[PDB]
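> Enclosed is the structure file model03.csv (CSV, C-alpha atoms and all ligand atoms).
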chain,number,residue,atom,x,y,z
A,1,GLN,CA,0.9,18.3,-25.9
A,2,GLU,CA,1.8,21.9,-25.3
A,3,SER,CA,-0.2,21.9,-22.1
A,4,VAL,CA,1.8,19.0,-20.8
A,5,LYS,CA,5.1,20.4,-22.0
A,6,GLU,CA,4.5,23.8,-20.3
A,7,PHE,CA,3.3,22.1,-17.2
A,8,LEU,CA,6.4,19.9,-16.9
A,9,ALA,CA,8.7,22.7,-17.7
A,10,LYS,CA,7.3,24.9,-14.9
A,11,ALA,CA,7.3,21.9,-12.6
A,12,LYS,CA,11.0,21.4,-13.1
A,13,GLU,CA,11.7,25.1,-12.7
A,14,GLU,CA,9.9,25.1,-9.3
A,15,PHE,CA,11.5,21.9,-8.2
A,16,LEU,CA,15.1,23.1,-9.0
A,17,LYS,CA,14.7,26.3,-7.1
A,18,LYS,CA,13.8,24.4,-3.9
A,19,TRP,CA,16.3,21.7,-4.6
A,20,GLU,CA,19.1,24.2,-4.7
A,21,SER,CA,18.1,25.9,-1.5
A,22,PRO,CA,16.4,23.4,0.9
A,23,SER,CA,14.4,24.5,3.9
A,24,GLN,CA,15.6,23.2,7.3
A,25,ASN,CA,14.7,23.5,11.0
A,26,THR,CA,11.2,24.7,10.7
A,27,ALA,CA,9.7,23.4,14.0
A,28,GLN,CA,10.7,21.4,17.1
A,29,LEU,CA,9.4,18.3,19.0
A,30,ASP,CA,7.8,20.1,21.9
A,31,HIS,CA,5.6,22.0,19.4
A,32,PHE,CA,3.5,18.7,19.1
A,33,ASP,CA,1.6,16.3,21.2
A,34,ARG,CA,2.1,12.6,20.4
A,35,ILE,CA,-1.1,10.7,19.8
A,36,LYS,CA,-0.4,7.2,18.2
A,37,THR,CA,2.1,5.2,16.3
A,38,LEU,CA,1.0,4.7,12.7
A,39,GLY,CA,3.8,2.5,11.5
A,40,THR,CA,7.4,1.3,12.3
A,41,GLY,CA,10.6,0.3,10.6
A,42,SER,CA,14.2,-0.7,11.4
A,43,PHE,CA,15.5,2.9,12.0
A,44,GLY,CA,12.2,4.9,12.2
A,45,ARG,CA,8.6,5.2,13.1
A,46,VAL,CA,5.6,7.3,12.0
A,47,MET,CA,3.4,8.8,14.6
A,48,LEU,CA,0.2,10.9,14.5
A,49,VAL,CA,0.9,14.2,16.3
A,50,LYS,CA,-1.1,17.3,17.0
A,51,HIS,CA,0.5,20.7,16.7
A,52,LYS,CA,-0.2,22.5,20.0
A,53,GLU,CA,-0.7,26.0,18.7
A,54,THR,CA,-2.9,25.3,15.7
A,55,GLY,CA,-4.5,22.0,16.6
A,56,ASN,CA,-3.6,20.6,13.2
A,57,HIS,CA,-2.8,16.9,12.9
A,58,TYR,CA,0.3,15.6,11.1
A,59,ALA,CA,2.2,12.4,10.5
A,60,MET,CA,5.6,12.7,12.0
A,61,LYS,CA,8.3,10.3,10.8
A,62,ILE,CA,11.1,10.0,13.4
A,63,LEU,CA,14.4,8.6,12.4
A,64,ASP,CA,17.0,7.6,15.0
A,65,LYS,CA,20.4,9.1,13.7
A,66,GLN,CA,22.5,6.3,15.2
A,67,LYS,CA,20.4,3.6,13.6
A,68,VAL,CA,20.4,5.4,10.3
A,69,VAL,CA,24.2,5.4,10.4
A,70,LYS,CA,24.4,1.7,11.4
A,71,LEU,CA,22.0,0.6,8.6
A,72,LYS,CA,23.9,2.7,5.9
A,73,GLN,CA,20.9,5.0,5.2
A,74,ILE,CA,22.6,8.5,5.7
A,75,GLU,CA,22.5,9.5,2.0
A,76,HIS,CA,19.0,8.0,1.6
A,77,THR,CA,17.7,10.0,4.5
A,78,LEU,CA,19.2,13.2,3.1
A,79,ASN,CA,17.7,12.3,-0.3
A,80,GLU,CA,14.3,11.8,1.2
A,81,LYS,CA,14.1,15.1,3.0
A,82,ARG,CA,15.7,17.2,0.2
A,83,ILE,CA,13.3,15.7,-2.4
A,84,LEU,CA,10.2,16.0,-0.3
A,85,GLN,CA,10.9,19.6,0.6
A,86,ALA,CA,11.2,20.4,-3.2
A,87,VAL,CA,8.3,18.5,-4.9
A,88,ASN,CA,4.7,19.6,-5.2
A,89,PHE,CA,2.0,17.4,-6.9
A,90,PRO,CA,-1.6,16.5,-6.1
A,91,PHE,CA,-0.8,12.9,-5.3
A,92,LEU,CA,2.3,13.4,-3.2
A,93,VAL,CA,2.1,13.7,0.6
A,94,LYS,CA,3.3,17.2,1.5
A,95,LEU,CA,6.2,17.8,3.9
A,96,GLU,CA,5.1,20.5,6.3
A,97,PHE,CA,8.1,20.7,8.7
A,98,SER,CA,11.4,19.2,9.2
A,99,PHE,CA,13.9,19.5,12.1
A,100,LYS,CA,16.5,17.5,14.1
A,101,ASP,CA,17.6,17.3,17.7
A,102,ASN,CA,20.3,15.5,19.6
A,103,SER,CA,19.0,12.0,18.7
A,104,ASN,CA,16.5,12.1,15.8
A,105,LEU,CA,15.6,13.5,12.4
A,106,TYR,CA,12.0,14.5,12.0
A,107,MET,CA,9.9,14.8,8.8
A,108,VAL,CA,6.4,16.2,9.6
A,109,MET,CA,4.0,15.3,6.8
A,110,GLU,CA,0.3,15.9,6.2
A,111,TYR,CA,-1.8,13.3,7.9
A,112,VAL,CA,-4.0,11.2,5.5
A,113,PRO,CA,-6.7,9.6,7.7
A,114,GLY,CA,-8.0,7.0,5.1
A,115,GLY,CA,-5.1,4.7,5.8
A,116,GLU,CA,-3.0,2.6,3.5
A,117,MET,CA,-4.2,1.2,0.2
A,118,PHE,CA,-2.9,-2.1,1.4
A,119,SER,CA,-5.5,-2.4,4.2
A,120,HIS,CA,-8.4,-1.6,1.8
A,121,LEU,CA,-7.2,-4.0,-0.8
A,122,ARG,CA,-6.9,-6.8,1.7
A,123,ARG,CA,-10.3,-5.9,3.2
A,124,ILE,CA,-12.2,-5.8,-0.2
A,125,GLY,CA,-10.1,-8.7,-1.6
A,126,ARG,CA,-9.4,-7.2,-5.1
A,127,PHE,CA,-10.3,-3.9,-6.8
A,128,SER,CA,-12.4,-3.9,-9.9
A,129,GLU,CA,-10.6,-2.8,-13.0
A,130,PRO,CA,-12.2,0.7,-12.9
A,131,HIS,CA,-11.1,1.0,-9.3
A,132,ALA,CA,-7.5,-0.2,-10.0
A,133,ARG,CA,-7.4,2.1,-13.1
A,134,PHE,CA,-8.4,5.2,-11.1
A,135,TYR,CA,-5.4,4.6,-8.7
A,136,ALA,CA,-3.1,3.5,-11.5
A,137,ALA,CA,-3.8,6.7,-13.4
A,138,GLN,CA,-2.7,8.8,-10.4
A,139,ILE,CA,0.5,6.8,-10.2
A,140,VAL,CA,1.2,7.2,-13.9
A,141,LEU,CA,0.8,11.0,-13.6
A,142,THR,CA,2.9,11.1,-10.4
A,143,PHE,CA,5.7,9.1,-12.1
A,144,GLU,CA,5.5,11.3,-15.2
A,145,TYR,CA,6.0,14.3,-12.9
A,146,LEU,CA,8.9,12.7,-10.8
A,147,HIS,CA,10.7,11.3,-13.8
A,148,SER,CA,10.6,14.6,-15.6
A,149,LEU,CA,12.5,16.0,-12.5
A,150,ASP,CA,15.1,13.2,-12.9
A,151,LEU,CA,13.8,11.5,-9.8
A,152,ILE,CA,13.3,7.8,-9.4
A,153,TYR,CA,10.9,6.7,-6.6
A,154,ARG,CA,11.9,3.1,-6.0
A,155,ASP,CA,9.4,2.1,-3.3
A,156,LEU,CA,6.1,1.7,-5.0
A,157,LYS,CA,3.9,-0.8,-3.1
A,158,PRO,CA,0.4,-0.7,-1.6
A,159,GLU,CA,1.5,0.2,1.9
A,160,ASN,CA,3.0,3.4,0.7
A,161,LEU,CA,-0.1,4.7,-1.0
A,162,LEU,CA,-2.5,6.4,1.4
A,163,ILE,CA,-6.2,7.1,0.6
A,164,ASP,CA,-7.3,10.7,1.3
A,165,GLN,CA,-10.7,12.1,2.3
A,166,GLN,CA,-11.7,12.4,-1.3
A,167,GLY,CA,-10.6,8.8,-2.2
A,168,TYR,CA,-7.5,9.9,-4.0
A,169,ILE,CA,-3.9,8.6,-3.5
A,170,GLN,CA,-1.2,10.3,-1.5
A,171,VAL,CA,2.2,8.7,-2.1
A,172,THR,CA,4.4,8.5,1.0
A,173,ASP,CA,7.9,7.3,2.0
A,174,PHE,CA,10.6,8.9,-0.2
A,175,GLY,CA,13.3,7.0,1.7
A,176,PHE,CA,14.6,5.4,-1.5
A,177,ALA,CA,13.8,8.3,-3.9
A,178,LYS,CA,16.8,9.7,-5.7
A,179,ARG,CA,17.8,12.3,-8.2
A,180,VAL,CA,19.5,10.5,-11.1
A,181,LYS,CA,20.7,11.8,-14.4
A,182,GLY,CA,21.3,8.4,-15.9
A,183,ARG,CA,21.7,5.1,-14.1
A,184,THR,CA,21.9,4.2,-10.4
A,185,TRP,CA,23.0,1.0,-8.6
A,186,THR,CA,21.6,0.7,-5.0
A,187,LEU,CA,19.8,-2.6,-4.0
A,188,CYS,CA,16.7,-1.3,-2.4
A,189,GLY,CA,12.9,-1.9,-2.4
A,190,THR,CA,10.6,-4.7,-1.4
A,191,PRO,CA,11.3,-8.0,-3.1
A,192,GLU,CA,7.9,-8.5,-4.7
A,193,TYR,CA,8.2,-5.2,-6.5
A,194,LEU,CA,11.9,-5.3,-7.7
A,195,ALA,CA,12.6,-5.1,-11.4
A,196,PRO,CA,14.9,-7.8,-12.8
A,197,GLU,CA,17.7,-5.3,-13.4
A,198,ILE,CA,17.8,-4.5,-9.7
A,199,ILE,CA,17.9,-8.2,-8.7
A,200,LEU,CA,20.7,-8.7,-11.3
A,201,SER,CA,22.9,-5.9,-9.8
A,202,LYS,CA,22.8,-3.9,-13.0
A,203,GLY,CA,22.8,-0.1,-13.4
A,204,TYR,CA,19.2,0.8,-13.7
A,205,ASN,CA,16.9,3.8,-14.4
A,206,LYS,CA,13.3,5.0,-14.1
A,207,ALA,CA,12.2,1.9,-15.9
A,208,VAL,CA,12.2,0.1,-12.5
A,209,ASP,CA,9.3,2.4,-11.4
A,210,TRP,CA,7.3,1.3,-14.5
A,211,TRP,CA,8.0,-2.4,-13.7
A,212,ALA,CA,6.8,-1.7,-10.1
A,213,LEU,CA,3.6,-0.1,-11.5
A,214,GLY,CA,3.0,-3.4,-13.4
A,215,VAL,CA,3.3,-5.3,-10.2
A,216,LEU,CA,1.0,-2.8,-8.3
A,217,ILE,CA,-1.7,-3.0,-11.1
A,218,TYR,CA,-1.6,-6.8,-11.1
A,219,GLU,CA,-1.8,-6.8,-7.3
A,220,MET,CA,-4.7,-4.4,-7.2
A,221,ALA,CA,-6.7,-6.3,-9.8
A,222,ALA,CA,-5.9,-9.8,-8.6
A,223,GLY,CA,-5.6,-9.2,-4.9
A,224,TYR,CA,-2.1,-10.8,-4.7
A,225,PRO,CA,1.2,-9.9,-6.5
A,226,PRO,CA,2.4,-11.7,-9.6
A,227,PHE,CA,5.7,-13.0,-8.0
A,228,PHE,CA,5.5,-14.5,-4.5
A,229,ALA,CA,7.3,-17.2,-2.5
A,230,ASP,CA,8.5,-17.8,1.0
A,231,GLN,CA,12.1,-16.9,0.4
A,232,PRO,CA,13.3,-13.7,-1.5
A,233,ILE,CA,15.6,-15.9,-3.6
A,234,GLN,CA,12.6,-17.8,-4.9
A,235,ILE,CA,10.8,-14.5,-5.6
A,236,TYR,CA,13.8,-13.3,-7.5
A,237,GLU,CA,14.0,-16.5,-9.7
A,238,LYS,CA,10.3,-15.9,-10.6
A,239,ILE,CA,10.9,-12.2,-11.4
A,240,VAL,CA,13.9,-12.8,-13.7
A,241,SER,CA,12.2,-15.8,-15.5
A,242,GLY,CA,10.1,-13.7,-18.0
A,243,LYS,CA,6.9,-15.6,-17.3
A,244,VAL,CA,3.7,-14.6,-15.4
A,245,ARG,CA,0.2,-16.0,-15.2
A,246,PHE,CA,-2.9,-13.8,-15.3
A,247,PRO,CA,-6.3,-14.6,-13.7
A,248,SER,CA,-9.0,-15.4,-16.2
A,249,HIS,CA,-11.1,-12.5,-15.0
A,250,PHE,CA,-8.5,-10.0,-16.2
A,251,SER,CA,-9.6,-8.2,-19.3
A,252,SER,CA,-7.5,-8.7,-22.5
A,253,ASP,CA,-6.5,-5.0,-22.3
A,254,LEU,CA,-5.2,-5.4,-18.8
A,255,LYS,CA,-3.2,-8.5,-19.7
A,256,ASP,CA,-1.7,-6.6,-22.7
A,257,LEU,CA,-0.7,-3.6,-20.5
A,258,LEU,CA,0.8,-5.8,-17.9
A,259,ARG,CA,2.9,-7.8,-20.4
A,260,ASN,CA,4.4,-4.5,-21.5
A,261,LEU,CA,5.1,-3.2,-18.0
A,262,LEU,CA,6.3,-6.6,-16.7
A,263,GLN,CA,8.7,-6.8,-19.6
A,264,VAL,CA,12.0,-8.3,-18.3
A,265,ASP,CA,14.1,-6.5,-21.0
A,266,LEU,CA,14.2,-2.9,-19.7
A,267,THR,CA,14.9,-1.6,-23.3
A,268,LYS,CA,11.4,-3.0,-24.3
A,269,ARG,CA,9.4,-1.9,-21.3
A,270,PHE,CA,6.5,0.5,-21.5
A,271,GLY,CA,7.5,3.8,-19.9
A,272,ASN,CA,11.1,3.4,-21.1
A,273,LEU,CA,10.6,3.6,-24.9
A,274,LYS,CA,10.9,6.5,-27.3
A,275,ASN,CA,7.4,7.7,-26.5
A,276,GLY,CA,8.0,7.5,-22.7
A,277,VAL,CA,4.8,7.7,-20.6
A,278,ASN,CA,2.6,8.2,-23.6
A,279,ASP,CA,2.8,4.5,-24.5
A,280,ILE,CA,1.0,3.9,-21.1
A,281,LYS,CA,-1.4,6.8,-21.2
A,282,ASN,CA,-2.5,5.9,-24.8
A,283,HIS,CA,-2.9,2.2,-24.0
A,284,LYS,CA,-6.3,0.7,-24.5
A,285,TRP,CA,-6.7,-0.2,-20.8
A,286,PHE,CA,-6.7,3.5,-20.1
A,287,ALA,CA,-9.1,4.4,-23.0
A,288,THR,CA,-11.8,5.6,-20.5
A,289,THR,CA,-9.4,7.7,-18.4
A,290,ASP,CA,-9.7,11.5,-18.6
A,291,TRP,CA,-6.1,12.3,-17.6
A,292,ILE,CA,-6.9,16.0,-17.0
A,293,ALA,CA,-9.9,15.3,-14.9
A,294,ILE,CA,-7.8,12.9,-12.7
A,295,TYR,CA,-5.1,15.5,-12.2
A,296,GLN,CA,-7.7,18.2,-11.4
A,297,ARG,CA,-9.4,15.7,-8.9
A,298,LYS,CA,-12.7,16.1,-10.6
A,299,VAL,CA,-13.4,12.4,-11.0
A,300,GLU,CA,-15.7,10.8,-8.3
A,301,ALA,CA,-13.6,8.3,-6.5
A,302,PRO,CA,-14.7,4.6,-6.5
A,303,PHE,CA,-14.2,4.4,-2.7
A,304,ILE,CA,-14.3,7.0,0.1
A,305,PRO,CA,-12.6,5.8,3.4
A,306,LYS,CA,-14.8,5.7,6.5
A,307,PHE,CA,-13.4,7.9,9.3
A,308,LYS,CA,-14.8,10.4,11.8
A,309,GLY,CA,-12.5,13.4,11.5
A,310,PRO,CA,-9.0,14.6,10.8
A,311,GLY,CA,-7.6,12.9,13.9
A,312,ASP,CA,-9.3,9.5,13.5
A,313,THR,CA,-6.8,6.6,13.4
A,314,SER,CA,-9.2,3.7,12.9
A,315,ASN,CA,-7.9,3.0,9.4
A,316,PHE,CA,-4.4,2.4,10.7
A,317,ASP,CA,-3.4,-0.6,12.8
A,318,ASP,CA,-2.1,-0.9,16.3
A,319,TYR,CA,1.6,-0.9,17.2
A,320,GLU,CA,3.4,-1.1,20.5
A,321,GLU,CA,3.8,2.5,21.8
A,322,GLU,CA,7.4,3.4,22.6
A,323,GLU,CA,9.1,6.5,24.0
A,324,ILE,CA,10.6,9.2,21.8
A,325,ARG,CA,13.8,9.8,23.6
A,326,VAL,CA,16.1,12.6,23.0
A,327,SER,CA,19.6,12.2,24.3
A,328,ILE,CA,21.2,14.8,26.6
A,329,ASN,CA,24.2,14.6,24.2
A,330,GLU,CA,24.3,15.3,20.4
A,331,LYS,CA,24.7,12.1,18.3
A,332,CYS,CA,26.0,12.0,14.7
A,333,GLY,CA,25.9,15.7,14.3
A,334,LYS,CA,28.5,15.9,11.6
A,335,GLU,CA,26.9,13.1,9.5
A,336,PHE,CA,23.6,15.0,9.5
A,337,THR,CA,24.8,18.6,9.1
A,338,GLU,CA,22.8,19.1,5.8
A,339,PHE,CA,19.5,17.9,7.3
B,1,LIG,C1,5.6,5.6,5.6
B,1,LIG,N1,4.3,6.2,5.9
B,1,LIG,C2,4.2,7.5,6.1
B,1,LIG,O1,5.2,8.2,6.2
B,1,LIG,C3,2.9,8.2,6.4
B,1,LIG,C4,2.7,9.4,6.0
B,1,LIG,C5,1.5,10.1,6.3
B,1,LIG,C6,0.5,9.4,7.1
B,1,LIG,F1,-0.6,10.0,7.4
B,1,LIG,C7,0.8,8.1,7.6
B,1,LIG,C8,2.0,7.5,7.3
B,1,LIG,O2,2.2,6.3,7.8
B,1,LIG,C9,2.3,5.3,6.9
B,1,LIG,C10,2.7,3.9,7.4
B,1,LIG,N2,3.2,3.2,6.2
B,1,LIG,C11,3.2,4.1,5.0
B,1,LIG,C12,3.2,5.3,5.8
Turn the structure described in the file into structure tokens.


Amino acid sequence: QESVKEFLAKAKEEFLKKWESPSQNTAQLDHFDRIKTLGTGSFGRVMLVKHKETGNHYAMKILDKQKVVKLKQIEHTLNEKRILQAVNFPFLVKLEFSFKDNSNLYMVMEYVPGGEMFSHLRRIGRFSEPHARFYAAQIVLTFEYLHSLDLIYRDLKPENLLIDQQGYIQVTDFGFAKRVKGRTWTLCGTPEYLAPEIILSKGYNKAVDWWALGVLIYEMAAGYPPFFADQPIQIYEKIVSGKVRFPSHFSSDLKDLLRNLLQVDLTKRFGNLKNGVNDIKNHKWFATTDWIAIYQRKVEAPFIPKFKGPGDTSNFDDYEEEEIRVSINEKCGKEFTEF
């Protein structure tokens, strides 16, 4: 389609201009009031903050430089910030500011008050197929966009998909996203979502994002992921096996799409064939989807999160509240020069 071709060509033009000249140092910590911790990790946290001069709310991701170094995440953190500052798409969380200080790296993103898709999925139990399809269509378009920029996302899972005021998805956490021309090799991602070629230590490509979409669609429609076990090694054995069982309530069209996304052989997997994303867009399970209307956000969403205003945190859960310390001395300055 000429409209899609011209759209993706312009998208790549605009991405590359920002890719080649990244923004840096666009605010500082004392411009914000800290409100609440929205989420934690082994080297970082995400906190709701309010910008003192404008009153606007943001989600500030704070990465401890020393912990980033210890956990071997330097390149990944530079990838995350350089990619986020360069992309622009209706279903990607926007990076509004970034900066660093003696101790931390900061990525200040738009705050999405509806919370994580994970919470809503677990609260409702499972999404109906139209509801799952509305979210899956947004992911398909977002991956069409990212892959056309030579980016692989590598962290698709319900926790990373936030629901905005209009019920649409905002994808967050680019910590594993990477620009790749061909294959890449890092072991990263959440076990339940990993494609076989990641588990098997093979060079892999964008096909791992399409596998992860199969897992996500299965999880949204069933309420639980297709491969689960107590130990990651047991999950991995299930993933590599080439078998899966579908609930009887799945439509025949859904099962067919999922067999083609959860294809163990990456050279046969939908999204990675000659027709690329069009094998997915043209699949019968998406027959009711108006791709343009989704992109333009003109479809009424199946679900609107309940919240009181732009600073409401009720859709996020409670975490222990810890200090944001900034050392009197600069840590790891050389390692993070490019940030
Ligand atoms: C990693 N991540 C974010 O960066 C993020 C971004 C914006 C936001 F409004 C909240 C938010 O927090 C959650 C917690 N888990 C997924 C999220």

> Quote the spacing between CA of residue 112 in chain A and atom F1 of ligand LIG 1 (chain B) in Å to one decimal place.

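Straight-line distance from CA of residue 112 in chain A to atom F1 of ligand LIG 1 (chain B) works out to 4.1 Å.
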
> Name the residues within 9 Å of (-4.3, 14.4, 10.4), counting only C-alpha atoms in the file's coordinates, and put them as an mmCIF file with C-alpha atoms, in the coordinates of the input.


data_model
loop_
_atom_site.group_PDB
_atom_site.id
_atom_site.type_symbol
_atom_site.label_atom_id
_atom_site.label_comp_id
_atom_site.auth_asym_id
_atom_site.auth_seq_id
_atom_site.Cartn_x
_atom_site.Cartn_y
_atom_site.Cartn_z
ATOM 1 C CA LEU A 48 0.200 10.900 14.500
ATOM 2 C CA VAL A 49 0.900 14.200 16.300
ATOM 3 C CA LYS A 50 -1.100 17.300 17.000
ATOM 4 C CA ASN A 56 -3.600 20.600 13.200
ATOM 5 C CA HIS A 57 -2.800 16.900 12.900
ATOM 6 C CA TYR A 58 0.300 15.600 11.100
ATOM 7 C CA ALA A 59 2.200 12.400 10.500
ATOM 8 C CA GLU A 110 0.300 15.900 6.200
ATOM 9 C CA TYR A 111 -1.800 13.300 7.900
ATOM 10 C CA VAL A 112 -4.000 11.200 5.500
ATOM 11 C CA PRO A 113 -6.700 9.600 7.700
ATOM 12 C CA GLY A 309 -12.500 13.400 11.500
ATOM 13 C CA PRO A 310 -9.000 14.600 10.800
ATOM 14 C CA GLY A 311 -7.600 12.900 13.900
ATOM 15 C CA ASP A 312 -9.300 9.500 13.500
ATOM 16 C CA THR A 313 -6.800 6.600 13.400
#

> Give me, as CSV, each residue of chain A that comes within 9 Å of ligand LIG 1 (chain B), together with its shortest interatomic pair and the distance in Å at one decimal, counting all atoms listed in the file, with rows ordered by chain and rising residue number.


residue,atom,partner,partner_atom,distance
A:37,CA,B:LIG1,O2,8.6
A:38,CA,B:LIG1,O2,5.3
A:39,CA,B:LIG1,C10,4.5
A:40,CA,B:LIG1,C10,7.3
A:41,CA,B:LIG1,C1,8.8
A:45,CA,B:LIG1,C1,8.1
A:46,CA,B:LIG1,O2,5.5
A:47,CA,B:LIG1,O2,7.3
A:48,CA,B:LIG1,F1,7.2
A:58,CA,B:LIG1,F1,6.8
A:59,CA,B:LIG1,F1,4.8
A:60,CA,B:LIG1,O1,7.4
A:61,CA,B:LIG1,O1,5.9
A:93,CA,B:LIG1,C5,6.8
A:94,CA,B:LIG1,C5,8.8
A:107,CA,B:LIG1,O1,8.5
A:108,CA,B:LIG1,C5,8.5
A:109,CA,B:LIG1,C5,5.8
A:110,CA,B:LIG1,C5,5.9
A:111,CA,B:LIG1,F1,3.5
A:112,CA,B:LIG1,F1,4.1
A:113,CA,B:LIG1,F1,6.1
A:114,CA,B:LIG1,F1,8.3
A:115,CA,B:LIG1,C7,7.0
A:116,CA,B:LIG1,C11,6.6
A:158,CA,B:LIG1,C11,8.6
A:159,CA,B:LIG1,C11,5.3
A:160,CA,B:LIG1,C11,4.4
A:161,CA,B:LIG1,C11,6.9
A:162,CA,B:LIG1,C6,7.1
A:170,CA,B:LIG1,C5,8.3
A:171,CA,B:LIG1,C4,8.1
A:172,CA,B:LIG1,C2,5.2
A:173,CA,B:LIG1,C1,4.6
A:174,CA,B:LIG1,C1,8.3
A:175,CA,B:LIG1,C1,8.7
A:316,CA,B:LIG1,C10,8.0

> Range 33-114 of chain A near range 6-28 of chain A within 10 Å: what's each residue's closest atom pair and its distance in Å to one decimal, counting only C-alpha atoms, ordered by chain then ascending residue number, as a tab-separated table?


residue	atom	partner	partner_atom	distance
A:51	CA	A:27	CA	10.0
A:81	CA	A:22	CA	8.9
A:82	CA	A:22	CA	6.3
A:83	CA	A:19	CA	7.1
A:84	CA	A:19	CA	9.4
A:85	CA	A:22	CA	6.7
A:86	CA	A:18	CA	4.8
A:87	CA	A:15	CA	5.7
A:88	CA	A:15	CA	7.8
A:89	CA	A:11	CA	9.0
A:96	CA	A:26	CA	8.6
A:97	CA	A:26	CA	5.4
A:98	CA	A:26	CA	5.7
A:99	CA	A:25	CA	4.2
A:100	CA	A:25	CA	7.0
A:101	CA	A:28	CA	8.0
A:106	CA	A:28	CA	8.7
A:108	CA	A:27	CA	9.1

> Figure out the distance between CA of residue 250 in chain A and CA of residue 282 in chain A, please, to one decimal in Å.

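Answer for the CA of residue 282 in chain A to CA of residue 250 in chain A separation: 19.0 Å.
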
> For residue 137 in chain A, which of A:325, A:281, A:72, A:308 is the closest residue, counting all atoms listed in the file?

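Nearest candidate to residue 137 in chain A out of A:325, A:281, A:72, A:308: A:281.
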
> Excluding residue 330 in chain A and any residue of its chain fewer than 4 positions from it, enumerate the residues within 10 Å of it, using all atoms listed in the file, and give them as a list in words.

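Here the answer would be residues 65, 101, 102, 103, 104, 326 and 334 of chain A.
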
> Taking C-alpha atoms for each residue, export the selection above as a PDB file, in the frame of the given file.


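Final output, saved to again-v7.pdb:
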ATOM      1  CA  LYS A  65      20.400   9.100  13.700  1.00  0.00           C
ATOM      2  CA  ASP A 101      17.600  17.300  17.700  1.00  0.00           C
ATOM      3  CA  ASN A 102      20.300  15.500  19.600  1.00  0.00           C
ATOM      4  CA  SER A 103      19.000  12.000  18.700  1.00  0.00           C
ATOM      5  CA  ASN A 104      16.500  12.100  15.800  1.00  0.00           C
ATOM      6  CA  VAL A 326      16.100  12.600  23.000  1.00  0.00           C
ATOM      7  CA  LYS A 334      28.500  15.900  11.600  1.00  0.00           C
TER       8      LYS A 334
END

> Ranking A:265, A:192, A:290, A:197 by minimum distance to residue 141 in chain A and counting only C-alpha atoms, which one comes first?

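Ranking A:265, A:192, A:290, A:197 by distance to residue 141 in chain A, first place goes to A:290.
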
> Taking all atoms listed in the file into account, name the residue in A:289, A:314, A:77, A:267 that is nearest to residue 64 in chain A.

A:77

> Between CA of residue 70 in chain A and CA of residue 44 in chain A, what distance in Å does the model show, to one decimal?

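Between CA of residue 70 in chain A and CA of residue 44 in chain A the gap is 12.6 Å.
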
> Taking only residues of range 10-123 of chain A that have an atom at most 12 Å from an atom of range 294-299 of chain A, what is each one's shortest atom pair and its distance in Å to one decimal, using only C-alpha atoms, in chain and number order, as a tab-separated table?


residue	atom	partner	partner_atom	distance
A:89	CA	A:295	CA	9.1
A:90	CA	A:295	CA	7.1
A:91	CA	A:295	CA	8.5
A:92	CA	A:295	CA	11.8

> Here's a test: counting only C-alpha atoms, identify every protein, DNA and RNA residue with an atom at most 12 Å from (21.7, 12.9, -16.4) in the file's coordinate frame, and state them as a compact mmCIF listing (two decimals) with C-alpha atoms, in the coordinates of the input.


# COMPACT_ATOMS: atom_id res chain seq x y z
CA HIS A 147 10.70 11.30 -13.80
CA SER A 148 10.60 14.60 -15.60
CA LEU A 149 12.50 16.00 -12.50
CA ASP A 150 15.10 13.20 -12.90
CA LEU A 151 13.80 11.50 -9.80
CA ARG A 179 17.80 12.30 -8.20
CA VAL A 180 19.50 10.50 -11.10
CA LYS A 181 20.70 11.80 -14.40
CA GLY A 182 21.30 8.40 -15.90
CA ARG A 183 21.70 5.10 -14.10
CA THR A 184 21.90 4.20 -10.40
CA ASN A 205 16.90 3.80 -14.40
CA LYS A 206 13.30 5.00 -14.10

> Which centre and edge lengths in Å to one decimal define the box along x, y and z that fits every listed atom of range 239-247 of chain A plus 6 Å per side, as AutoDock Vina command-line options?


--center_x 3.8 --center_y -14.1 --center_z -14.7 --size_x 32.2 --size_y 15.8 --size_z 18.6

> Go through A:222, A:199, A:262, A:216 one by one, measure the shortest atom-to-atom distance of each to residue 139 in chain A using only C-alpha atoms, and give the residue with the smallest value.

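Counting only C-alpha atoms, the residue closest to residue 139 in chain A is A:216.
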
> Write out as a short mmCIF file (atom, residue, chain, number, x, y, z; two decimals) with C-alpha atoms, keeping the file's coordinate frame which residues come within 10 Å of residue 237 in chain A when counting all atoms listed in the file, dropping same-chain ones fewer than 5 positions away.


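Contents of the output file selection_2.cif:
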data_model
loop_
_atom_site.label_atom_id
_atom_site.label_comp_id
_atom_site.auth_asym_id
_atom_site.auth_seq_id
_atom_site.Cartn_x
_atom_site.Cartn_y
_atom_site.Cartn_z
CA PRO A 196 14.90 -7.80 -12.80
CA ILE A 199 17.90 -8.20 -8.70
CA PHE A 227 5.70 -13.00 -8.00
CA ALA A 229 7.30 -17.20 -2.50
CA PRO A 232 13.30 -13.70 -1.50
CA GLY A 242 10.10 -13.70 -18.00
#

> Between A:75, A:30, A:129, A:219, single out the one closest to residue 178 in chain A, counting only C-alpha atoms.

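Among the listed residues, A:75 lies closest to residue 178 in chain A.
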
> So which residues touch residue 121 in chain A within 7 Å, counting all atoms listed in the file, skipping near sequence neighbours fewer than 4 positions away, as an NGL selection string?

:A and (117 or 125-127 or 220 or 223)

> Which one is closest to residue 128 in chain A: A:32, A:336, A:218, A:145? Count all atoms listed in the file.

A:218
